[PDB]
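# A look at the structure
Below are the chains, spelled out letter by letter.
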Amino acid sequence: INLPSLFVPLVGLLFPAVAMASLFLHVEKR
Amino acid sequence: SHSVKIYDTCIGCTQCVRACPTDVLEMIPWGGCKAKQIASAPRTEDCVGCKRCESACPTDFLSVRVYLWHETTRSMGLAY
Amino acid sequence: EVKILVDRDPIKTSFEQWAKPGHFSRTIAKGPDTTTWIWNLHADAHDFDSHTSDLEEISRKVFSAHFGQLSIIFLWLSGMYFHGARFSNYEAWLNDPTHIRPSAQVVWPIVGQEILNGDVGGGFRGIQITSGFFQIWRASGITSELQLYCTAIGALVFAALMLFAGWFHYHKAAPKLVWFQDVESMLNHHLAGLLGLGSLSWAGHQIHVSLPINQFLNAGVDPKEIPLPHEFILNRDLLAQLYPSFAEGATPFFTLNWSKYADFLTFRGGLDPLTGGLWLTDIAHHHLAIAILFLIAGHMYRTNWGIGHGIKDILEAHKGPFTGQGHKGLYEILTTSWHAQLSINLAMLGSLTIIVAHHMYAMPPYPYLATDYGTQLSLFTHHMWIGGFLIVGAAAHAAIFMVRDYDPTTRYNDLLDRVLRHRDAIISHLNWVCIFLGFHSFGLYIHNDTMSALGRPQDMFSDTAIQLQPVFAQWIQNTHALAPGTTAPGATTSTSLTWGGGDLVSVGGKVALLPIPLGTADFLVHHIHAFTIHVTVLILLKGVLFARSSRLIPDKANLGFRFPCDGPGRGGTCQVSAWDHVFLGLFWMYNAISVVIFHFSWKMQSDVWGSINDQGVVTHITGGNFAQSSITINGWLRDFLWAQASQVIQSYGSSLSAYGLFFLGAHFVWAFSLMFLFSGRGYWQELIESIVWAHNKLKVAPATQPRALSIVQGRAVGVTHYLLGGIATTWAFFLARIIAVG
Amino acid sequence: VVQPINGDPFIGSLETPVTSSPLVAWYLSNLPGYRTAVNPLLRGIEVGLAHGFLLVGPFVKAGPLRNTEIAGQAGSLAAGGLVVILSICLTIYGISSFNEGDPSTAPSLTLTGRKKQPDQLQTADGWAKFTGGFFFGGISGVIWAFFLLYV
Amino acid sequence: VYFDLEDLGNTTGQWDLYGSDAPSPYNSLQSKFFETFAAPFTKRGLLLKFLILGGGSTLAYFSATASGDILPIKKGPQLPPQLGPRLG
Amino acid sequence: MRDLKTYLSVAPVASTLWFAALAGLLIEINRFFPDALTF
Amino acid sequence: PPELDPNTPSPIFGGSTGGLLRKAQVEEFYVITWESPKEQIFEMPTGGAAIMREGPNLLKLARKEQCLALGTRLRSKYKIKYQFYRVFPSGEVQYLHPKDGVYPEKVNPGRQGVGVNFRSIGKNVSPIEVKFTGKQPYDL
Amino acid sequence: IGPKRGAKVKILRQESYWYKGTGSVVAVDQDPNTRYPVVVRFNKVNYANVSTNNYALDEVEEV
Amino acid sequence: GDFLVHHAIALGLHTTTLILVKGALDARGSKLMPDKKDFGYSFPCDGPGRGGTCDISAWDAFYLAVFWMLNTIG
Ligand code: CLA
Ligand code: CLA
Ligand code: CLA
Ligand code: CLA
Ligand code: CLA
Ligand SMILES: CC1=C(/C=C/C(C)=C/C=C/C(C)=C/C=C/C=C(C)/C=C/C=C(C)/C=C/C2=C(C)CCCC2(C)C)C(C)(C)CCC1
Ligand SMILES: CC1=C(/C=C/C(C)=C/C=C/C(C)=C/C=C/C=C(C)/C=C/C=C(C)/C=C/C2=C(C)CCCC2(C)C)C(C)(C)CCC1
Ligand SMILES: CC1=C(C/C=C(\C)CCC[C@H](C)CCC[C@H](C)CCCC(C)C)C(=O)c2ccccc2C1=O
Ligand code: SF4
Ligand code: SF4
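The deposited coordinates derive from X-ray crystallography, with the record listing a resolution of 2.3930 Å.

In structure tokens form, the structure reads like this:
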């Protein structure tokens, strides 16, 4: 539990948010 | 913009020019058919690609051909 | 000067045009070059607009076609009465309606099909009927097959008379246009004439035949020994012994002592507890009062004299600051466009049928109807579908009116123009409310399924958790239950036992009606109904408002009402036509009505229908499982579909096996429809080319060149098989289940 | 009653008692988002204040701990968490929409047609200061509701 | 006449609908508070670094120390587990 | 009469008469020789 | 020599939700003009009925296709002549139709062929023969 | 020039609905500027419901 | 029982390859669209003229065949 409680929110909340924000700026750039 | 092309089997009956809803096409003088005119596509940036013109064309194998291509706000027919 | 105006011998009666397929259409009449001809012949058969532009000649066609329809209905009723007379257990059913199953169809013994002749009681073998004709004939005091035989002959005569009139009013005496346009005379003659003299004359039968004969039936005397109906007319004392009001005759009527008739004209309400249906004395008093209202209402509009309004005056006088000129110009539109008339009539006739569904289940108007669970589940479902189809038809002819008949230069109307001037505000608003409805109805189910799956039933929208009580419906229920002693003093009991309160009525140990409880689950399924209906209106209303034009297609109206698209350009324009909106709205109408009838079936089996004990212990068919089960999709999958499908999938080897076969057959037709809806005619035309080649190789190609169905036909074929297979599946699922457990 | 928008019947809108009435036009021109000449930073502070304060309600009272004693604290953290994520949406919206030199893309005209200076909210820095006010305002507004409800 | 080549802004209706240029109606000292306290969050590049990393670390802390009284998934199974269908 | 005979020959009419006759024939073969699985 | 564009009056119209949107402020829009012999109701391409004025008539529209649709309806029903233009946000105007003063249906000297291939369609090369060139078979 | 009127010609234009079939010559345009001068009629319409088309002298073969 | 469903399976194999072979062999052109090769593998269609041409590309034949393959493996 000491690691799943770290990686599950990281890969399921932080990484997708950081990825979705990254891709939003690349696709919108000109 | 979509590509429109005319082939020399065209009999110059004008039906595509009348069908076009954005004035892409016009008749121009030609010596190749009895009607002595052929179609032409000088304004394909307004072409939306409805293909009303192909529906109008009488030639066995279309004399006017529309190749849908790069989309713009004109080809996509957007009013916004 | 409203008068009879007719033309003599307009169209010669001749078989000449029977020999000429497609004569009505100038294009079709030349004959087929391709197989596409075959289909357009049929698609255009009743499109009288495309045949002729003359409004007079169009009206004559719809007039005689109406006679054609009436002929068909009478012939249909002739067979219904004939089968009751010749192939039924109606005479045996009168002696034991609680047990004997109505049957009026018998199959011949061939290829093993006799098994469909089921042991239905009364020493009879046949198919159990759910049309409810037996409850009708009983309430009419019909007591023998002889009476049905005579009704069948009369229906057959009326069928011939109606057919004769159709030929007569088209080939011999065809009314002129201005005769059809006299809408004032027609409204007067339908209110007072059809509705008024129909309800009055039917009230007479209820008084002199239906009331007395049902009193003998309910007293217990054998139908073969009940006095024939004409004896209550020849001998008044027979009537007076049942209702002493007849002793004074027609005298208390004219002396305004109407309260003397209070023994056969009542205002009791509720249900006759020994028969399960509405009081036949309340019903007869209903048709009496209703007949009065229509006879006077048929005097509202002006004709050949002075009194009455011109309908144009009433329209031209209603207009506000937000609307401008208002209803001016509507009288010219509704007297020159048959589709505008048909759109309104389909809208209301459809809506009215859905009401008939509700009222006939909560106020069962026929004796021993409420306890024939199979007949009542059929009647409610049948009229829901009929109602929903007619409604979707209103949108089509509203859409057809906008393409063909709308003309702001000749027949302007500021109300119609004002809506066209903000159709983007209407459709976008309906779009958002649909998104709100969908999330806050279906999404709650998804919440529940996810909560229940995670082992968290405390977080569901449930009666035992987060409760969504339908306070307003609950309030209306409790109000009507207190109406008979308070706000409706003349009423003895409530208009319906459904009204949350009262008690219970049973017939033959089977529950007829009790108070229907409305809880959290009823809240959810009601917001599904509002969601599904809203999306149906969104699609259909959008189709009519942009039938002429849109930002995408500025000249759409020139493309007609029914056309596949305007090509792949503009990103793609498939299904912009109003006709395609009707195509999409049928699927959503199907969706909406399917869960409405599912809502009906589960509620009735769970909280209403069932068997009552000697002491009053009611055992419902599915034992109240609706409250905790119908709040998740898994509950409908498991506790409704999977559980109630038992009967139909184990019907093989018994008289219900034809439902087994139809269950599978309708699944097949439904899946078959997807071939049409998911593909496109280009694929099929190329396929046919390879097939045509093979025929040419053997010198067997037809001169009628085979073509793929048109784009629109593909869609029409698709939705038609989708609806037929879909609905037929529920049909076979409902009848097997309710006949086996009802 | 129902007029064409600003007298032009060919602009894609209408002027109705809902779009432009004396009370409607007053309340809408008084919201912090339509204060075109005031500081965008102070707009966002009032916006974040009002929203973060509103967000505490649904999270606490409907969350998975709504019926526990850990309710007020969790939905408040969930309320601030919703403000944090929204501030990223506001930020990336600005990074993508406005550049460090572009002028305001706001209307430079009025209802009567005179030239005013465009709302600098619609610029890179004007947006950066607006979303900065929302974040500060939204966090303190969550705390202010958390202060009044469970303290 | 709603067409003008010299004023393409009015021809297309580029009007501010409800934008009021009325001066700031706020407590002007509270402004000096809001202008100097909410100031470090007014750089979008730095704020994005802040919200991304601050939220990531905070989300990680709350989830790493979440007690069993809050999360059934950290509290764990309490009942004895039942066997498999084939004595599994 | 000749117009009627032409109509009676139209595809749908000739089809029902043909298939009606066919159905009657197959039904009567099945009434006279039912339950035939072999041959 | 293309026509001019002043500030003529527009038809009588109560307004609708079908008209110009932000694209007109920022990209382009279109204006069609025409001369009618009398006041009369006609249908707006964006929905509803309007009344055109006798003589000059200006109408702003969002798309070229809306212009041609209205104009096509002016020749057929009303037998009036029409022109239209593309207007940019810088005020720059661009004449569009009828291009050379003559409607494109009728042959007119001075027009040069655009997009004419002097072969039958079935003589286009196979895609492999124009692969890794930037051309399609219909471009040669 | 070209095949005579009422000549029975096989169609050799590949992209033609009547490719490898046969039709009847209606007329041959004698103007030597006409690229496709042979008018041919066929007994079955193509997908556009058209029953006649112009062909080149090299696209037509008497049979 | 094994007999019947094996012919169901042979039905699925034959029909799925029909879609796919017809798709491949007409990709270059058919009588309804003799220049199809000039339009590439996937294109929406060729418009409502010549009777209608929805789903005429080789890509659409693939798309249709997936339903039949899912049927067969089912
Ligand atoms: C190869 C694929 C793979 C898959 C599908 C999973 C799946 C999972 N892991 Mg796991 N893991 C993997 C490899 C993988 N692991 C490897 C190689 C390691 C050692 C470096 C770990 C170490 C690890 C830990 C320590 C934990 C998980 C956990 C989990 C679960 C939650 C997701 C998560 O936190 O990921 C964690 C992911 C990582 C730590 C990254 C390592 C995996 C590689 C480097 C990234 C893969 C990128 C991906 C394939 C992109 C492909 C798409 C691309 C074409 C665009 C989930 C069941 C958690 C768990 O058990 O939940 C209960 C948890 O606590 N994983
Ligand atoms: C909606 C009306 C309706 C329906 C659906 C039925 C249905 C049925 N009836 Mg019934 N019936 C009806 C009305 C109806 N009836 C009426 C009004 C009467 C009184 C006249 C009867 C009198 C009656 C009797 C006396 C019997 C039935 C029987 C039956 C059953 C078998 C019939 C059969 O196979 O015929 C055989 C099939 C045919 C005759 C069809 C022949 C096919 C030809 C070629 C079609 C001709 C098409 C032509 C172009 C158009 C002709 C139109 C012409 C009438 C002008 C079946 C369930 C039988 C039954 O229940 O047995 C147990 C039975 O004996 N019915
Ligand atoms: C034998 C008597 C007779 C004769 C010779 C004619 C002759 C004619 N009529 Mg007339 N007509 C008659 C009786 C007759 N009519 C009757 C009884 C009515 C009342 C309905 C009419 C109503 C009428 C109208 C309203 C019109 C005609 C028209 C015509 C002309 C062509 C009609 C045509 O193609 O018919 C062939 C048509 C059929 C055989 C269709 C069958 C008709 C019935 C009602 C169909 C019912 C089938 C039912 C739905 C079951 C099918 C469903 C199930 C199988 C799935 C022709 C001059 C038309 C005309 O002149 O316009 C140019 C026209 O518009 N007639
Ligand atoms: C009183 C009711 C009424 C009336 C008089 C009409 C009348 C008309 N409608 Mg309308 N309509 C109605 C109700 C009505 N409709 C309803 C309820 C709907 C919703 C479904 C529609 C939807 C609708 C559309 C979408 C269209 C029309 C069209 C038309 C016109 C042409 C009809 C025609 O030639 O069809 C000829 C009739 C047929 C070819 C019958 C086809 C067979 C049906 C679809 C299948 C029936 C299956 C059956 C119930 C089950 C048996 C299965 C068995 C055989 C195995 C005509 C004016 C068309 C038009 O263009 O108008 C100008 C058109 O496109 N209507
Ligand atoms: C089950 C299949 C299905 C579903 C879900 C939908 C869904 C929808 N259809 Mg649709 N449709 C379907 C089949 C379906 N259709 C079919 C078969 C047809 C052919 C006849 C059509 C034809 C059709 C038309 C013609 C119209 C619709 C419309 C609508 C919308 C109604 C508004 C609404 O409720 O939005 C709310 C959305 C839902 C209720 C869907 C479920 C939402 C879930 C439960 C919430 C998820 C939360 C969150 C996102 C979690 C995901 C996280 C993830 C990203 C990690 C909606 C998006 C109408 C529309 O657009 O109106 C606005 C409309 O006009 N449909
Ligand atoms: C079921 C059925 C049927 C049958 C039906 C019937 C049987 C009917 C009858 C009906 C009847 C049989 C009716 C009657 C009528 C009557 C009436 C409607 C009357 C009226 C009257 C009046 C209106 C009155 C008046 C008056 C007054 C007001 C005052 C005083 C004087 C006098 C009395 C004169 C048929 C076969 C068709 C079909 C199928 C089904
Ligand atoms: C809805 C519906 C239905 C039903 C129907 C019904 C049920 C109907 C009814 C109807 C009716 C039930 C009607 C009735 C009628 C009646 C009337 C219309 C009568 C009349 C009469 C008269 C004409 C009289 C005369 C007289 C005399 C005798 C004396 C005095 C004077 C006078 C003149 C008044 C059905 C199922 C089909 C299905 C579809 C839908
Ligand atoms: C399968 C189907 C094909 C082909 C199906 C068509 C050609 C239907 C064929 C109908 C009948 C069976 C043709 C033969 C009709 C004759 C009357 C048969 C005479 C033989 C006697 C037995 C009567 C297409 O036309 C297509 C249309 C556009 C969307 C997709 C669909 C669709 O998916
Ligand atoms: S339609 Fe075909 S033939 Fe007629 S002009 Fe245009 S291209 Fe030439
Ligand atoms: S796919 Fe069919 S409907 Fe859609 S645009 Fe192409 S042709 Fe028209």
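There's more to say after this.
Here the focus is the overall build of chain E. In terms of regular secondary structure, chain E is built from four helices and zero strands. Listing the helices and strands of chain E from first to last along the sequence gives α-α-α-α. In terms of overall dimensions, chain E is more spread out than a globule: its C-alpha atoms have a radius of gyration of 29 Å, far above the 12 Å expected for 88 residues. Its C-alpha atoms give chain E principal-axis dimensions of roughly 90 × 40 × 25 Å. Looking at chain E residue by residue over its 88 residues, the buried ones come to 28%. Working note: accessible area of chain E is about 6,200 Å², and carbon and sulfur atoms make up 64% of it. Side chains of chain E carry 7 positive and 7 negative charges; the gap between the two charge centres is 33 Å.

We now examine the packing of aromatic side chains. A complete count under the given rule lists 84 aromatic pairs over all chains for this structure. Between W34 of chain G and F42 of chain G the ring centres are 5.9 Å apart and the planes differ by 80 degrees, which places this aromatic pair in the edge-to-face class. Members of the aromatic cluster, joined through ring pairs, are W385, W579, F583, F587, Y590, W670 and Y722 of chain C. Lying over the aromatic face of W279 of chain C, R268 of chain C brings its terminal NZ or CZ to 3.6 Å of the ring centre.

Below, the discussion takes up the coordination of the magnesium atom of ligand 3. For the magnesium atom of ligand 3, the protein contributes exactly one donor atom, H171 of chain C (NE2), at 2.7 Å. Examined against the element boundaries, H171 of chain C turns out to sit in helix 7 (residues 145-172).

Considering every one of the 17 pairs of chains in contact, the largest contact total is recorded for chains D and E. There is a gap between chain C and chain E: no contact, and a shortest C-alpha distance of 11 Å.

Moving on to the interface of chain D and chain E. Contacts between chain D and chain E engage 51 residues on the former and 35 residues on the latter. For the pair chain D and chain E, the two sides together bury roughly 3,800 Å², of which 69% comes from carbon and sulfur. On the chain D side of the interface with chain E, the three residues burying the most area are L42, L109 and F136 of chain D, jointly 15% of the side's total. For the pair chain D and chain E, the number of links is three salt bridges. Of the charged contacts in the structure, one is a salt bridge between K116 of chain D and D21 of chain E, with a shortest N-O distance of 3.0 Å. Elements supplying a minimum of two residues to the side of chain D that touches chain E: helix 1 (22-28), helix 2 (40-62), helix 3 (71-97) and helix 4 (124-150) of chain D. Taken together, the residues of the side of chain D that touches chain E sort by class into 27 nonpolar, 16 polar and eight charged.

Take helix 23 (residues 578-608) of chain C next. Residue and element names in this part refer to chain C. If you check helix 23, its first and last C-alpha atoms are 43 Å apart, about what 31 residues at 1.5 Å a residue would give, namely 45 Å. In terms of burial, helix 23 is a largely internal element, 27 of the 31 residues being buried. Backbone geometry just downstream of helix 23 places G610 in the positive-phi region, at approximately 150 degrees.

What follows concerns the site of ligand 7. Residues and elements named next belong to chain C. Around ligand 7, the neighbouring residues are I73, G193, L197, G198 and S201. Burial of ligand 7 by the protein chains amounts to 22% of its free accessible area of 950 Å². At four residues, the largest contribution of residues to the shell around ligand 7 is made by helix 9 (residues 183-219). Looking at the shell around ligand 7, its residues break down into two nonpolar, three polar and no charged.

The subject of this paragraph is the interface of chain I and chain B. Each side of the interface is counted separately: chain I has ten residues, and chain B has nine residues. Taking both partners together, chain I and chain B bury about 670 Å²; carbon and sulfur atoms supply 63% of that area. Where chain I packs against chain B, one counts three salt bridges. Among the salt bridges present, the one from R65 of chain B reaches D46 of chain I, with a minimum N-O distance of 2.7 Å. The interface formed by chain I and chain B includes three residue pairs in polar contact.

For the rest of this paragraph, the subject is the nonpolar core. Counting 96 residues, the largest nonpolar core has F561, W609, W636 and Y659 of chain C as its most contacted members. It is helix 23 of chain C that provides the largest number of residues to this core, a total of 16 residues. Apart from the residues within four sequence positions on either side, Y659 of chain C is in contact with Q128, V648, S651, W731, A732, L735, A736 and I739 of chain C. With 45 residues, the next largest nonpolar core counts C20 of chain B, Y138 of chain G together with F42 and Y55 of chain H among its residues.

The next subject is the pattern of salt bridges. On inspection of all chains with the given rule, the structure shows 55 salt bridges over all chains. With a shortest N-O distance of 3.1 Å, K20 of chain C and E16 of chain C are connected by a salt bridge. Shared partners join several salt bridges into a network, and the residues in it are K51, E54 and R65 of chain B together with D35, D46 and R50 of chain I.

All names here are of chain D. There is a patch of nonpolar side chains on the surface, built from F53, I143, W144, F146, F147, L148, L149, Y150 and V151 and spanning about 940 Å² of accessible area. When residues of the nonpolar patch are assigned to their parent elements, the largest contribution, seven residues, is made by helix 4. Topologically, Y150 is positioned in helix 4.

This next bit is on the site of ligand 10. Every residue lining ligand 10 is accounted for by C565, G567, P568, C574 and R715 of chain C together with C45, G47, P48 and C54 of chain I. Site remark: ligand 10 is flanked by residues from chains C and I. Classifying every residue of the shell around ligand 10 gives six nonpolar, two polar and one charged.

Right, let's get into the sheet that holds strand 1 (residues 29-36) of chain G. Residue and element names in this part refer to chain G. In spatial order, the strands read 4-1-5-6; together these four strands make up an open sheet with antiparallel pairing. Only two strands of the sheet have a single partner each, and these edge strands are strand 4 (55-61) and strand 6 (93-97). Averaged over all pairs of adjacent strands, the angle between strand axes in this sheet comes to 25 degrees, irrespective of strand direction. Where strand 5 (residues 82-87) lies against strand 6, four bridges are found, and the strand directions are antiparallel. In the sheet register, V87 faces strand 6, and the bridge partner there is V93.

All names here are of chain H. The strand order across the open sheet formed by five strands is 4-3-2-1-5, and the pairing between neighbours is antiparallel. The open sheet has two edge strands with one neighbour each: strand 4 (52-55) and strand 5 (60-62). Shown here is a sheet whose adjacent strand axes are inclined to one another by a mean of 45 degrees, direction ignored. Sheet topology places strand 3 (residues 38-41) next to strand 4; four bridges connect them, and they run antiparallel. Each bridged residue has a counterpart across the sheet, and for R41 the counterpart in strand 4 is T52.

Let's shift gears to the environment of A10 of chain I. Residues and elements named next belong to chain I. Assignment of secondary structure puts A10 in helix 1 (residues 2-25). Overall, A10 belongs to the partly exposed group, its relative accessible area being 28%. Along the chain, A10 and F67 lie 57 residues apart, while their C-alpha atoms are 16 Å from each other.

On to the side chain of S337 of chain C, then. All names here are of chain C. The topology assignment puts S337 in the loop between helix 15 (330-333) and helix 16 (338-362). At a separation of 2.9 Å, a polar atom in the side chain of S337 contacts the main-chain amide nitrogen of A340. Ignoring sequence-local partners within four residues, the contact set of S337 consists of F401 and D405.

Here we take up unusual backbone geometry. Note that the residue after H97 of chain G, namely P98 of chain G, is joined by a cis bond; omega there is -5 degrees. Within the element layout of this structure, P98 of chain G appears in the loop between strand 6 and strand 7 (116-117). Unusually for a residue other than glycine, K699 of chain C sits at a positive phi of about 65 degrees. Of the residues examined, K699 of chain C reaches a relative accessible area of 80% and is grouped as exposed. Residues other than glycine seldom take positive phi values, yet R50 of chain I does so here, at roughly 55 degrees. Mapped onto the fold, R50 of chain I is located in the loop between helix 1 and helix 2 (58-73).

We now examine the packing of helix 19 (residues 423-439) of chain C against helix 20 (residues 442-453) of chain C. All names here are of chain C. Where helix 19 meets helix 20, the axes come as close as 4 Å, and the angle between the chain directions of the two elements is 25 degrees. Between helix 19 and helix 20, the crossing angle belongs to the class labelled roughly parallel. Contacts between helix 19 and helix 20 involve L437, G438 and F439 from the former and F442, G443 and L444 from the latter.

The rules behind the values
- Residues numbered from 1 in each chain as written, not as in the entry; some residues may be left out.
- Chains lettered and ligands numbered in written order.
- Part of a larger assembly, values for the part shown.
- Heavy atoms only, no water.
- Residues with missing side-chain atoms left out of burial classes, pairs and counts.
- Helix = DSSP H or I, 4+ residues; strand = E, 2+ residues; numbered from the N terminus.
- Rg over C-alpha atoms; globule rule 2.2 N^0.38 Å.
- Buried < 20%, exposed > 50% of the residue type's maximum accessible area, 1.4 Å probe, protein only.
- Areas by Shrake-Rupley, 256 points an atom, 1.4 Å probe, with all protein chains shown as cover.
- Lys, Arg positive; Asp, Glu negative; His and termini not counted.
- Charge placed at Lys NZ, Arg CZ, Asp CG, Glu CD.
- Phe/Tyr/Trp six-rings, centres within 6.5 Å; stacked < 30°, edge-to-face > 60°.
- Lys NZ or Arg CZ within 6 Å of the ring centre and 35° of its normal.
- Donors = N, O, S within 2.8 Å, 3.2 Å for Na, K, Ca; no water.
- Contact = heavy atoms within 4.5 Å.
- Buried area = accessible area lost by both parts, 1.4 Å probe.
- Salt bridge = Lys/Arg side-chain N within 4 Å of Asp/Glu carboxyl O.
- Nonpolar A, V, L, I, M, F, W, Y, C, P; charged D, E, K, R; others polar.
- Expected span 1.5 Å × (residues − 1).
- Near = heavy atom within 4 Å.
- Polar contact = N/O pair within 3.5 Å; in protein donor to acceptor, adjacent residues only side chain to side chain.
- Core = buried A, V, L, I, M, F, W, Y, C linked by side-chain atoms within 4.5 Å.
- Patch = residues over 30% accessible without salt bridge, like charges linked within 9 Å, V, L, I, M, F, W, Y side chains within 5 Å.
- Pairing = 2+ DSSP bridges.
- Axes fitted to C-alpha atoms, helices over the stretch in contact; angles between N-to-C directions.
- Parallel < 35°, antiparallel > 145°, perpendicular 65-115°, else oblique.

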